[PDB]
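Okay, structure first, notes after.
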Amino acid sequence: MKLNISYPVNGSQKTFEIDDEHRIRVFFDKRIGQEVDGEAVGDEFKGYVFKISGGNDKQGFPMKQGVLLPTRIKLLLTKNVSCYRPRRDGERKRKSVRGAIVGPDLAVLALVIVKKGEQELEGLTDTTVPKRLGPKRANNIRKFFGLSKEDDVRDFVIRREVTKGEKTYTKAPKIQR
Amino acid sequence: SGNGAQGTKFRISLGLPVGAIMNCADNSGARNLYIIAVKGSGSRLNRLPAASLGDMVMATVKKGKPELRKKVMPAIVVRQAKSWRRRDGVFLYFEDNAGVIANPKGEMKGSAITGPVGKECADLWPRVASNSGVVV
Amino acid sequence: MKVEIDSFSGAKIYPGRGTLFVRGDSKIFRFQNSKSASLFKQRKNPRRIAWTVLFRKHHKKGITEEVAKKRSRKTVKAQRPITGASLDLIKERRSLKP
Amino acid sequence: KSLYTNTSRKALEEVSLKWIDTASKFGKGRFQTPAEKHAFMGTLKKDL
Amino acid sequence: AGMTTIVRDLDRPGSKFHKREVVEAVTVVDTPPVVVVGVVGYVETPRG
RNA sequence: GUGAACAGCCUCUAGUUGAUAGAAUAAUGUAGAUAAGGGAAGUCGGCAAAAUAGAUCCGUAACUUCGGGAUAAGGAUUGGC
RNA sequence: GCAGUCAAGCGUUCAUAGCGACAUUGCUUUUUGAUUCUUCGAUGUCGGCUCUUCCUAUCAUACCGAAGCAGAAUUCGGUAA
RNA sequence: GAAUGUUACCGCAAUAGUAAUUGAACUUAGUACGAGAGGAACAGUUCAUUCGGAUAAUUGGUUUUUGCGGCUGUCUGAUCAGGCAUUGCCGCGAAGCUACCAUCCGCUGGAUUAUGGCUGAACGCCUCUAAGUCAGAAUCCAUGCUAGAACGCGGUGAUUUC
RNA sequence: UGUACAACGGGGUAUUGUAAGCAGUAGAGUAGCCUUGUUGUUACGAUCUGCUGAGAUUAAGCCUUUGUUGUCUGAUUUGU
Ligand SMILES: COC(=O)C[C@](O)(CCCC(C)(C)O)C(=O)O[C@@H]1C(OC)=C[C@]23CCCN2CCc2cc4c(cc2[C@H]13)OCO4
Ligand SMILES: [Mg+2]
Ligand SMILES: [Mg+2]
Ligand SMILES: [Mg+2]
Ligand SMILES: [Mg+2]
Ligand SMILES: [Mg+2]
Ligand SMILES: [Mg+2]
Ligand SMILES: [Mg+2]
Ligand SMILES: [Mg+2]
Ligand SMILES: [Mg+2]
Ligand SMILES: [Mg+2]
Ligand SMILES: [Mg+2]
Ligand SMILES: [Mg+2]
Ligand SMILES: [Mg+2]
Ligand SMILES: [Mg+2]
Ligand SMILES: [Mg+2]
Ligand SMILES: [Mg+2]
Ligand SMILES: [Mg+2]
Ligand SMILES: [Mg+2]
Ligand SMILES: [Mg+2]
Ligand SMILES: [Mg+2]
Ligand SMILES: [Mg+2]
Ligand SMILES: [Mg+2]
Ligand SMILES: [Mg+2]
Ligand SMILES: [Mg+2]
Ligand SMILES: [Mg+2]
Ligand SMILES: [Mg+2]
Ligand SMILES: [Mg+2]
Ligand SMILES: [Mg+2]
Ligand SMILES: [Mg+2]
Ligand SMILES: [Mg+2]
Ligand SMILES: [Mg+2]
Ligand SMILES: [Mg+2]
Ligand SMILES: [Mg+2]
Ligand SMILES: [Mg+2]
Ligand SMILES: [Mg+2]
Ligand SMILES: [Mg+2]
Ligand SMILES: [Mg+2]
Ligand SMILES: [Mg+2]
Ligand SMILES: [Mg+2]
Ligand SMILES: [Mg+2]
Ligand SMILES: [Mg+2]
Ligand SMILES: [Mg+2]
Ligand SMILES: [Mg+2]
Ligand SMILES: [Mg+2]
Ligand SMILES: [Mg+2]
Ligand SMILES: [Mg+2]
Ligand SMILES: [Mg+2]
Ligand SMILES: [Mg+2]
Ligand SMILES: [Mg+2]
Ligand SMILES: [Mg+2]
Ligand SMILES: [Mg+2]
Ligand SMILES: [Mg+2]
Ligand SMILES: [Mg+2]
Ligand SMILES: [Mg+2]
Ligand SMILES: [Mg+2]
Ligand SMILES: [Mg+2]
Ligand SMILES: [Mg+2]
Ligand SMILES: [Mg+2]
């Protein structure tokens with residue numbers, strides 16, 4: 001099955017394919033959340049630790065934290081819940097859901113790194129992707145730089161350059177509160 | 001089996017011998033089906049012919065639309081109750097006996113099958129495949 | 001090769017073993033053996049049958065060290081900053097004061 | 001040894017087992033190994 | 001010795017169970033080494 | 001005692017413990033039972049066998065000599081404290 | 001009851017592919033008759049159930065030959081129980 | 001099962017019995033043939049029927065395991081633990097037995113019949129036949145399988161002293 | 001007279017479904033004495049809970065055993 005891995009430190013992510021029930025089999029009878037030692041899956045990830053966060057079975061239905069079961073069921077879903085986006089106020093819709101217990105019927109595991117193993121992984125530890133947006137509300141700037149209500153934000157706001165072709169520009173948020 | 005049956009059926013335990021009455025589980029008008037024969041079955045002094053999942057029987061309707069009564073038609077067994085074994089090693093059984101009325105070509109007479117359906121039957125007859133909700 | 005569980009008792013059903021009941025509404029019940037199966041036909045309620053997983057779960061039996069603490073967490077702290085905004089002049093201006 | 005060289009297909013097929021039942025045969029066996037049984041059962045009034 | 005169960009993928013191109021698992025029954029015969037203690041030489045006669 | 005009860009089942013008083021005996025538990029029997037799925041297809045014929053059953057309450061058709069048919073049919077309920 | 005020989009006919013034409021009149025030779029002994037030899041100091045009468053075995057004048061199945069056998073289907077005949 | 005010296009082990013094989021059966025689907029192929037309507041088969045494969053011989057991992061049936069639990073009635077002052085009710089009744093129930101109600105297995109050489117042939121005279125020609133001969137069937141004989149002749153047999157072991 | 005055999009005992013395997021005993025602030029409730037209760041107290045109550053997947057049974061044609069205890073020459077017959 002395909003593994004979809006994330007390094008939530010660097011914002012990095014890359015997918016890996018694994019064909020070998022034995023290597024896979026570590027993930028079986030494991031729930032979402034449960035941690036997993038690396039070497040069992042590959043020599044690459046040795047002493048890497050994996051958190052199981054979800055994934056989609058074949059036919060693409062998603063998992064749902066804490067159903068338990070390693071199958072599918074048809075839950076009633078609401079506002080503010082996984083695997084569903086209401087189309088209308090107070091709308092609820094019955095929908096098939098994959099369990100949160102990993103079977104070999106999954107198309108994809110979704111995983112998140114928690115400890116870094118002994119070796120670097122190419123598109124993950126090596127590369128780092130910047131956070132897209134910066135602090136916009138007053139005291140959030142004051143806490144991304146630690147400032148006290150003295151230092152005055154206005155000059156501590158982020159500043160994102162950009163080019164018009166021959167006119168390079170400058171645009172900062174709009175501090176609120 | 002015979003006509004319209006594309007595929008081979010692996011032997012499955014025989015549940016419905018002649019005289020068995022099964023639930024009619026389509027929407028043609030018929031409430032039950034009375035088995036009078038089982039297509040493609042053989043002979044032994046005193047042995048009653050018996051049908052199983054995905055067998056074509058010959059039936060009459062005992063309870064149902066008067067248009068469907070007093071006459072003999074083909075029908076197909078879709079649910080069993082007498083447990084049988086599959087090759088993956090499981091012994092399973094339905095809660096009722098049910099067939100659906102059909103023509104020699106194995107095409108249904110009704111536009112839907114009400115209840116679950118046996119895979120061994122779904123595999124065997126396309127239009128029984130078509131009209132199915134839950135299979136097996 | 002999947003191992004199933006007993007929908008009445010909750011015991012592992014290794015392959016080709018016990019029996020399978022397809023109810024009229026197409027809910028599928030599996031039994032490890034004829035014992036679960038008869039209680040089940042007998043409309044017995046697993047939660048009241050003392051030797052069942054489902055019973056034991058509900059009466060909180062034996063569980064003990066599952067409610068015992070663990071050790072799973074991390075410690076990161078790596079800044080990326082903000083895309084297009086010179087992630088270099090975001091740490092030298094991030095020298096703080098209080 | 002066989003007295004003829006069967007070509008069959010059925011003979012010739014080279015099996016390789018996947019799992020061998022090893023559960024008790026003195027009753028409705030539920031457990032492959034004592035390991036498995038301790039695993040599932042938990043701790044008992046004998047035991048440690 | 002006795003019997004048990006086996007699970008294995010079937011390889012019969014043509015069969016509805018090609019590349020599917022099957023469960024099949026098996027016997028086991030206890031088979032320690034046999035030990036050689038003599039040779040006996042037969043001859044052909046018109047009596048057999 | 002239980003129960004409508006001189007019923008059946010258990011007991012007190014009294015009376016018995018008489019009926020050749022031992023070892024095995026093959027076939028076929030005699031008598032007593034159970035059996036998946038089907039449900040009279042068996043058979044001259046449902047022969048045999050199985051099903052039903054007490055009570056309290058609800059409900060009860062044709063037809064009739066008006067007396068019945070009627071426990072018609074069909075239902076629910078029932079321990080212990 | 002079953003099978004022949006002759007061949008006038010039938011079969012668009014063409015006796016004999018398949019049939020076959022008028023005649024005529026046979027076989028068979030699950031028909032029914034004719035007989036009265038055995039049993040009247042007694043050989044248990046019909047049908048079914050069960051079960052074995054035999055016959056072949058073969059319904060199916062193996063391999064053939066023929067056709068008024070294009071194919072498909074059929075029909076006739078052989079070795080065949 | 002007496003007797004062929006005794007006893008034991010391992011074998012031979014006379015004679016006798018003998019077994020497998022039928023179907024469909026796929027593919028061939030919408031092919032051959034046919035104006036068309038229609039419409040095959042051999043090779044390959046997957047299942048099936050009827051029959052047989054076993055077997056009991058599994059599933060099911062059986063229950064005096066009177067094994068565990070439950071229930072009525074009564075009897076042992078109560079409790080505990082029991083008795084009786086032609087096995088009191090009920091749910092589960094191991095083991096054994098057991099079912100196309102369950103699983104597994106059912107061999108391949110030869111010789112022939114019909115029939116189609118080769119060569120080929122009788123009969124300078126012609127002919128499958130007369131001599132000689134090829135191919136050939138759910139047949140037959142073997143192979144295989146079951147008995148083993150208690151008056152068929154072989155090899156081998158050990159063979160008694162108060 | 002020995003990886004001998006047997007009777008028990010122990011361990012496994014299995015079947016049932018939680019033993020007896022004690023305890024409880026569980027229990028529809030109920031009585032009895034007063035010092036008439038700012039839990040009054042002593043008991044009683046089908047049933048429930050805990051010790052307790054406990055207890056019981058498990059070769060009579062299950063498996064196994066470093067323990068315990070015991071057994072180990074009676075009878076008849078056979079020769080080319
Ligand atoms: C008309 O029927 C009878 O006569 C019957 C019977 O009585 C047979 C009954 C005999 C006992 C009493 C022994 O059952 C009798 O005398 O049988 C004779 C008889 O009785 C023993 C034997 C006979 C004559 C030779 C064999 N045969 C068979 C039985 C029988 C049956 C009949 C029959 C005569 C026989 C005789 O006529 C019609 O069907
Ligand atoms: Mg604002
Ligand atoms: Mg309906
Ligand atoms: Mg009959
Ligand atoms: Mg449709
Ligand atoms: Mg059972
Ligand atoms: Mg049962
Ligand atoms: Mg007297
Ligand atoms: Mg007497
Ligand atoms: Mg029955
Ligand atoms: Mg009925
Ligand atoms: Mg009848
Ligand atoms: Mg009827
Ligand atoms: Mg009849
Ligand atoms: Mg009559
Ligand atoms: Mg009649
Ligand atoms: Mg009667
Ligand atoms: Mg009954
Ligand atoms: Mg009347
Ligand atoms: Mg009436
Ligand atoms: Mg009440
Ligand atoms: Mg003439
Ligand atoms: Mg002509
Ligand atoms: Mg003419
Ligand atoms: Mg006649
Ligand atoms: Mg006379
Ligand atoms: Mg006469
Ligand atoms: Mg007479
Ligand atoms: Mg006489
Ligand atoms: Mg006689
Ligand atoms: Mg003959
Ligand atoms: Mg003949
Ligand atoms: Mg012509
Ligand atoms: Mg011929
Ligand atoms: Mg014959
Ligand atoms: Mg003969
Ligand atoms: Mg002797
Ligand atoms: Mg086609
Ligand atoms: Mg034409
Ligand atoms: Mg059993
Ligand atoms: Mg009891
Ligand atoms: Mg007490
Ligand atoms: Mg008494
Ligand atoms: Mg009595
Ligand atoms: Mg059989
Ligand atoms: Mg020969
Ligand atoms: Mg020639
Ligand atoms: Mg010839
Ligand atoms: Mg010749
Ligand atoms: Mg000649
Ligand atoms: Mg043959
Ligand atoms: Mg051979
Ligand atoms: Mg053989
Ligand atoms: Mg002999
Ligand atoms: Mg000898
Ligand atoms: Mg407990
Ligand atoms: Mg015995
Ligand atoms: Mg000890
Ligand atoms: Mg002793």
| In the stretch E:16-48, how many are more than 9 Å from every other protein chain (Cβ to nearest Cβ), in a loop (DSSP other than H, G, I, E, B) and of a type outside the set (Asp, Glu)? | 20
| query | Does the stretch B:88-110 include one or more residues that are buried (at least 16 other Cβ atoms within 10 Å of the Cβ), within 14 Å of chain C (Cβ to nearest Cβ), in contact with a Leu (Cβ under 7 Å, 6 or more places away or on another chain) and farther than 25 Å from C:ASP6 by Cβ? | reply | yes
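Scan the strands (runs of 3 or more DSSP E) fully inside the stretch A:1-120 and keep the ones with 2 or more residues being over 30 Å from C:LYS69 (Cβ atoms) and basic (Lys, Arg).
A:72-77, A:93-98
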| If we keep just the residues of the stretch A:157-167 that are facing chain C (nearest Cβ under 7 Å) and in a loop (DSSP other than H, G, I, E, B), which is surrounded by the most Cβ atoms within 10 Å (Cβ to Cβ)? | A:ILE158
| field | Index of the failed condition, E:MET3 passing every other in (1) touching a residue at least 24 places away in the same chain (Cβ under 8 Å); (2) in a loop (DSSP other than H, G, I, E, B) | value | (2)
| remark: Note: among B:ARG69, B:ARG44, B:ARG11, just one is away from ligand 5 (no atom under 16 Å from the Cβ), exposed (fewer than 15 other Cβ atoms within 10 Å of the Cβ) and closer than 20 Å to B:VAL135 by Cα, namely B:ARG11
| query | Does the stretch B:109-117 include one or more residues that are more than 15 Å from RNA strand F (Cβ to nearest atom), small (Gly, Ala, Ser) and under 28 Å from E:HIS18 (Cα atoms)? | reply | no
| query | Would a scan of the stretch C:5-15 turn up a residue that is within 14 Å of chain B (Cβ to nearest Cβ), of a type outside the set (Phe, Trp, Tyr), more than 17 Å from the chain's Cα centre (by Cα) and farther than 20 Å from D:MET41 by Cβ? | reply | yes
| note | Filtering the stretch B:71-89 for residues that are more than 30 Å from E:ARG8 (Cα to Cα) and part of a loop (DSSP other than H, G, I, E, B) leaves a count of 1
| said: Restricting to the stretch B:109-125, name every residue that is assigned to a loop (DSSP other than H, G, I, E, B) and farther than 18 Å from B:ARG11 by Cβ. | reply: B:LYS109, B:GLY110, B:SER111, B:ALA112, B:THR114, B:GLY115, B:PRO116
| note | Here the residues within the stretch C:67-89 that are surrounded by 10 or more Cβ atoms within 10 Å (Cβ to Cβ) and β-branched (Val, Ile, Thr) are C:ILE82, C:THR83
| note | Of the residues in the stretch A:118-151, those that are more than 12 Å from chain C (Cβ to nearest Cβ) and among the charged types (D, E, K, R) come to A:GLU118, A:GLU120, A:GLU122, A:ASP126, A:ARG137
| query | When residues of the stretch B:55-109 are filtered for being at positive phi and away from RNA strand H (no atom under 16 Å from the Cβ), how many remain? | reply | 2
| message | Cβ contacts < 7 Å: first residue under 24 Å from B:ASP88 (Cα atoms) and more than 12 Å from chain C (Cβ to nearest Cβ), restricted to the stretch B:111-136; second residue within 11 Å of ligand 5 (Cβ to nearest atom) and part of a loop (DSSP other than H, G, I, E, B), any location; separation 6+ or different chain. Result? | response | B:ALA122/B:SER132
| note | Those residues of the stretch B:79-129 that are more than 14 Å from the chain's Cα centre (by Cα) and of a type in the set (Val, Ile, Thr) come to a total of 1
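Output the residues belonging to the stretch D:24-48 that are within 24 Å of E:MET3 (Cβ to Cβ), more than 8 Å from chain E (Cβ to nearest Cβ) and in a loop (DSSP other than H, G, I, E, B).
Selection gives D:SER24, D:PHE26, D:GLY27, D:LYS28, D:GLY29, D:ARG30, D:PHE31, D:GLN32, D:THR33.
Every residue, every condition in (1) within 16 Å of RNA strand I (Cβ to nearest atom); (2) within 14 Å of chain C (Cβ to nearest Cβ); (3) among the polar types (S, T, N, Q); (4) within 15 Å of B:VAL128 (Cβ to Cβ), yes or no:
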{"site": "B:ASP26", "(1), (2), (3), (4)": "no, no, no, yes"}
{"site": "B:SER41", "(1), (2), (3), (4)": "no, no, yes, no"}
{"site": "B:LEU48", "(1), (2), (3), (4)": "no, no, no, no"}
{"site": "B:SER52", "(1), (2), (3), (4)": "no, no, yes, yes"}
{"site": "B:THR60", "(1), (2), (3), (4)": "no, no, yes, no"}
{"site": "B:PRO66", "(1), (2), (3), (4)": "no, no, no, no"}
| said: Please pick out the residue among B:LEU53, B:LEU92, B:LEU33 that is within 16 Å of RNA strand F (Cβ to nearest atom), outside any loop (DSSP other than H, G, I, E, B) and within 18 Å of B:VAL135 (Cβ to Cβ). | reply: B:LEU92
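Residues checked against (1) in contact with a helix residue (DSSP H, G or I) (Cβ under 9 Å, 6 or more places away or on another chain); (2) crowded, with 18+ Cβ neighbours inside 10 Å:
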position: C:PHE21; (1), (2): yes, yes
position: C:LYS44; (1), (2): yes, no
position: C:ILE49; (1), (2): yes, no
position: C:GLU65; (1), (2): no, no
position: C:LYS91; (1), (2): no, no
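Every residue, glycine as well, gets a Cβ built from its backbone with ideal geometry; the counts of neighbours run over all protein chains shown. Every read-out reported here was derived from the displayed coordinates using simple, explicitly stated rules and does not represent laboratory data.
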